[PDB]
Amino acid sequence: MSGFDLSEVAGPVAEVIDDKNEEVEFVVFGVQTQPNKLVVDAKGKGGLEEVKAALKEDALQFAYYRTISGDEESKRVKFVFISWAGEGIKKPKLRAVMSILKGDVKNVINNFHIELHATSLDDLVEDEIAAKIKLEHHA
């Protein structure tokens, strides 16, 4: 529905999910226009902090990472999906595409335990997301 090229998405998503690809635990995607396409902004080892480091105040981005949840045993792998619309984005037409683009992205990034929308780094706090995961686990 969005008109964006998502060709770059599936590969790295599979990398994050793949337990045997230990070199990739997160990915951050950025958004290019004319032509409208997602690209990889960052990808590697790490989690939330690494994602946060890659999120830009003037950008529309998406992120996806793996984390562990458990009390402990059973420790289980959980996946976090974040949409990001920085408070510095200059074009309100780009802000407006967020939800339709997000929907297309979630059809590729279909395996997640929590979804968060953030506009500030304060929206993304490890303990808060861990507690949310622990909650969705026992629902």
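Each residue number is its position in the shown sequence, starting from 1.
Per the PDB record, of the two stretches 65 to 73 and 39 to 47, 65 to 73 carries the greater mean B-factor over its C-alpha atoms. In this entry, the higher average B-factor at the C-alpha atoms falls on 128 to 136, of the pair 4 to 12 and 128 to 136. Annotation for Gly86, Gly30, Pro92, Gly103: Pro92 ranks highest, by Cα B-factor.
The entry lists a Cα temperature factor for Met98 that places it in the lowest third of the chain's modelled residues.
Among the modelled residues of its chain, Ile82 has a C-alpha B-factor that falls in the lowest third according to the deposited record. Placement of the Cα temperature factor of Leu60 within the chain: middle third of the modelled residues, per the deposited record.
When all modelled residues of the chain are sorted by CA temperature factor, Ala53 is found within the middle third. Looking at the C-alpha B-factors along this chain, the one for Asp18 belongs to the middle third.
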